[PDB]
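Down below is the structure, laid out as structure tokens.
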Amino acid sequence: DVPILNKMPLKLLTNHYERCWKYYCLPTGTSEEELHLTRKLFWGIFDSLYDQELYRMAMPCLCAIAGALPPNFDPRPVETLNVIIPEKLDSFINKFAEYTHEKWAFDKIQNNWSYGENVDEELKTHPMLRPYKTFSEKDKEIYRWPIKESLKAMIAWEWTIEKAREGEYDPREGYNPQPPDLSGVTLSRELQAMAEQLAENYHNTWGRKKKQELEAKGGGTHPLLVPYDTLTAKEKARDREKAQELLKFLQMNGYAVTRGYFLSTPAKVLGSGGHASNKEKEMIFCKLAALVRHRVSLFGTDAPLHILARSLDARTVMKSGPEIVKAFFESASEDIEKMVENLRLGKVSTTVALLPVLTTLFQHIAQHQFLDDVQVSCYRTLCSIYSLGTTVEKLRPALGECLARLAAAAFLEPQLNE
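Those letters in the sequence shown? Residues 2629 to 2634, 2638 to 2660, 2667 to 2686, 2691 to 2712, 2734 to 2830, 2849 to 2940, 3016 to 3039, 3043 to 3062, 3068 to 3090, 3095 to 3116, 3132 to 3152, 3158 to 3178, 3183 to 3200, 3204 to 3212, per the UniProt record's numbering, in order.
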């Protein structure tokens, strides 16, 4: 429902969910990866844009929460019946469907099920536990037809599926298949995203047929009738096991199949891309939503592989965007809480910036004549130097020129920044 939100009372449900997620930090001191999908939905809420500031504060607590964890459905199913599968792939459908009966009979073997005259679940027996060879081809069609609708769903997406690489407990009564190990097959992240999108097909098609079915009965709805992006990853897993189901058998046959944590730090680099968009703002209402993302940055970094150190260099870049202001004010204070939090990014584990200190010293010459934001940036950078104490000297000699400016004379506190 949180991902369904991004009326406003569902964003308030995100606020109660945010403080309760901080109570989950107390339990902490998977489903959570789905909640990371819902954090990307929060970044979509940063894309969405006064009540917005409240729902942004609860979203800032949700950022504190996921950092502590790190320590109208409208289906549009693709065309299937339009598509025509080439005849040579149906011989492959004989293999994946024969495997479907081998695994569906073997699931029955996992609980000691056997062949019977009746569907008597007390008798520990089922009628269909007879060999896949014995099936009439129309009985094989009850297994094959969803598979054929899936291969047509891929060919409507025009995904390639083609020959390449070579293919590959006391015993139970009834037929006894020993299926090839699809579970040991591991899809590449390209093909894993392909499992994500075939699961998205199962979701939009079976979800649209489910919606029109319950409207055909005059009835209501089902829990899964929410958009596939909105789903928790555990709800996506059920369709995904059926997608990899496929795709894993496609990898085991060695067929080429194509469309034809660290990821949170990569999302932080997407937030740095939002900072590039904020430079586009700096060229001149969405930049205030970027300030919402700044509150989210101070809070998520207050809890704070190499992509993260790249995002530290991005801290130095958006610090240059502050340096444009050096020479709203509360968004800058959000950037200051984001600066101490950037010291915390220094705590997670170029020379150009020292040169900007030389500009900081010449600006100090203006002070000898007697705006101050380049001094305040220099004070937070001094706190970053205290972070260096936790762990370019000629620019320090330029700062010795600024010591000569100390000799030239509120200001003693800027001497304390030094």
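Idealized CB from N, CA, C, for every residue including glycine.
Distance, residue j Cα to residue i Cα
i: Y2882; j: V2865; result: 21 Å
i: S3083; j: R2939; result: 40 Å
i: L2791; j: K2765; result: 11 Å
i: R2869; j: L2878; result: 14 Å
i: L3071; j: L3112; result: 8 Å
i: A2917; j: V3134; result: 47 Å
i: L3025; j: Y2805; result: 43 Å
i: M2874; j: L2643; result: 35 Å
i: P2903; j: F2735; result: 11 Å
Short Cβ contact (8 Å threshold) for residue i with residue j
i: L3075; j: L3136; result: no
i: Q2924; j: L2813; result: no
i: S2685; j: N2756; result: no
i: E3212; j: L3175; result: no
i: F2683; j: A3077; result: no
i: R3073; j: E3101; result: no
i: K2914; j: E2760; result: no
Own chain residues within Cβ distance below 8 Å of residue i, not counting five before or after
i: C3170; result: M3106, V3107 and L3110
i: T3141; result: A3090 and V3161
Cβ-based neighbour list, residue i, same chain, cut-off 6 Å, excluding 5 preceding and 5 following
i: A2818; result: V2740, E2741 and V2745
i: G2887; result: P2737 and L2905
Closest by C-alpha distance to residue i, when choosing among the options
i: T3059; options: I2706, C3165 and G3028; result: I2706
i: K2786; options: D2752, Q2772 and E2915; result: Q2772
i: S3164; options: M2698, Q3145 and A2709; result: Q3145
i: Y3166; options: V3050, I3147, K3089 and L2695; result: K3089
i: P2711; options: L2743, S2753, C2656 and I3039; result: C2656
i: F2768; options: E2649, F3205, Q2858 and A3148; result: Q2858
i: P3208; options: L3143, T3178, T3177 and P3188; result: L3143
i: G2660; options: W2652, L2672 and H3150; result: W2652
i: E2749; options: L2743, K2810, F2679 and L3210; result: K2810
i: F3096; options: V3080, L3049 and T3132; result: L3049
i: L2678; options: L2911, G2900 and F3057; result: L2911
i: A3199; options: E3184, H3150, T3177 and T3168; result: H3150
DSSP three-state assignment for residue i, whether helix, strand or coil
i: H2788; result: strand
i: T2822; result: strand
i: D2850; result: coil
i: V3115; result: coil
i: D2629; result: coil
i: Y2855; result: coil
i: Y2696; result: helix
i: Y2777; result: strand
i: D2782; result: strand
i: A3204; result: coil
Close beta carbons around residue i, own chain, < 7 Å, minus the five adjacent residues each side
i: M2639; result: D2692 and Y2696
i: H2788; result: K2770, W2775, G2778 and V2781
i: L3056; result: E3101, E3104, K3105 and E3108
Check: residue i C-beta below 7 Å from any heavy atom of the ligand FMN
i: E3097; result: Ligands displayed in this structure: none; no statement on the ligand FMN is therefore possible.
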